[PDB]
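In structure tokens, one chain follows: the form deposited in one PDB entry.
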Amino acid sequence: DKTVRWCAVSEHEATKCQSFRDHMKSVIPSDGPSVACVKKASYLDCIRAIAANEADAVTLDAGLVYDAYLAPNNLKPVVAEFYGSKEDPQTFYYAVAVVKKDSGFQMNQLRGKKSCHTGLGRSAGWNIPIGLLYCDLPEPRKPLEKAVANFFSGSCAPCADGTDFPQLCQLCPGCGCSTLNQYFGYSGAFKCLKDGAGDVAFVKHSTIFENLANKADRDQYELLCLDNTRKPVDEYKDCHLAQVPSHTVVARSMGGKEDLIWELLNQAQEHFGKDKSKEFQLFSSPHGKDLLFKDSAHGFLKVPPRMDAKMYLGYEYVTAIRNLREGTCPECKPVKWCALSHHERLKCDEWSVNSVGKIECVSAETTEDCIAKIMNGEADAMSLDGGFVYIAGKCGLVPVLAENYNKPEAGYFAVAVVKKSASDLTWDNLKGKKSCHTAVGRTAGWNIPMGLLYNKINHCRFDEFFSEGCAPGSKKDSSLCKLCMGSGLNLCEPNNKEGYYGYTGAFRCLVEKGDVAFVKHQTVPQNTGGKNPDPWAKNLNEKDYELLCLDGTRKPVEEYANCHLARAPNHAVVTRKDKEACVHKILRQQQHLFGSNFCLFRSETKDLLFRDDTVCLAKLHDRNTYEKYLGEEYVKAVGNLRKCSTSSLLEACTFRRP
């Protein structure tokens, strides 16, 4: 059986589920998926059941998504309800903090202000902002209503205990827990702000648009961002307290059966979803409202499979709820650095102990795994090629420091290298030629050359432009894995175990099999004239190699400052905004101790943790966003390249922010 065991939490839900089960048998052939209904007492019992392999799937609110991730349940999100419409699906809401234009305070200055909450125990209006403010609340922080009452000067907090904590009901006396109270619910807490009762209103990204039809009125309001700046009310995507998923189907992390759940639901919506008019309706029931799924849903979207709970919920949300659940506060902290290999980890361990606990080391199998650890706070920083920066930025991380090479730089150089003998080659036409790339999605190897190349052919299907090639990171069955030299599983893998990976590897590829290699300006120099002693490079001479220039002409290798494709954003350190300052300070205190003269920018193997050309770590000034650092033309290009290129982390991050 390809049976899916759906978990109900009430008798009404179970009846619907039995009917779901029955009607599915009419539209699904007997090789396809079917439904079993497992009735439980509560969402938590459902969670345990799923984890105990006694059920397979249930649909949850965000807090419960959090519970289900925790050990020993270890469930994850697999399918998402969407709302709104087919065309612009609404999967998340944002919890925001709204304030009056010119009230002149920031998120770190809410102590002593007047607050408006939608209601005690609601998410956007209470659990999130109070969770984020948890550690700014005065001791003792239990009971929590008391500490909140001693934080804001007065408030409207519906359903709070005004008898014991009158400050919480000062702006809505009694704390009316119903619409009889004018300051209740979303519109209510917003009104409390609009009427001048209070200074901040903790609500959803959409409340203000629902209560103020004119842009001119809305310009009177702003949002508090967590970095302690402010933004317009329609920039909530970049200025919110948390991004919250509305309703999420969850399943086991291992043993799923995620594939099957999506097949079941995706066909359920096909035949019984919104506007389908059968007598069985997936998103309603005579037996009651919001059974199994919300009656307001318009369908399901499949959650990208790189996604775990902490990533889906988001850094901010998880911080808020962890604070409420654990209730643990501290009293600038060690920077957790992310290492990708045994050779990187070793350098880091020794860095760790040299700095006296000021640095610590976390490691992961791949760059994307390290990025995901930074995203969710398992780790704090790592240095990255411009192509990963783009990816990290799309995932909400920011660049804090550039690696420097000269003696605030315009960047290293991207060149196209060819063999001198094969003289027919020119930039103006490489169609049908063989190509070597450092890896797909990297600055020099891919984003620049293929960027430019995209503008000339207007599609990113390069395995059909070139004949064959080696471009580590491509789909193994592609023509751009044909020249690669890894064996077995390592073929075309974008790491060391594939010998044509990296700048050097891409040059090796040119030497042995290719017609053009896309590398940086110092790649050929450093792997010729005996400098590289490996058999393949040992006997080579840089005079036998030429660069392709954008005219159509060529030039000797060392004449690169006139024969490059484009300038290249330096590799850069990235982190979370909430650590930009501590990273920015800890590292400048570490490079003025181990920089240029244990050595930080020198390594045992080659280019570990930071590149070895790196003399110093630079300030970025204004250019501390991925788009302000990479620059408009880089991003415009990569945008075009995304159409054909995968990356599973980028698929996950853009599910959350398209």
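When you see a residue number, it is the position in the sequence shown, counting from 1. C-alpha atoms forming the largest set that superposes within 1.5 Å between two forms make up the rigid core.
As for the form deposited in another entry, it is not shown, yet the points below apply to it.
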message: Once the rigid core is superposed, exactly one of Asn495, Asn266, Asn323, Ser246 has its CA displaced by 2 Å or more between this form and the one not shown; which residue is that?
response: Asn495
- prompt: Does superposing the core leave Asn640 with a CA shift of 2 Å or more between this form and the one not shown?
  reply: yes
- prompt: Would you say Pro399 moves between this form and the one not shown, meaning its CA shifts by 2 Å or more once the core is fitted?
  reply: no
query: Does the distance between the two CA positions of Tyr560 reach 2 Å or more between this form and the one not shown, the core being superposed?
result: yes
field: Closer or farther in the other form: C-alpha pair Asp477, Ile371 (3 angstroms or more)
entry: farther
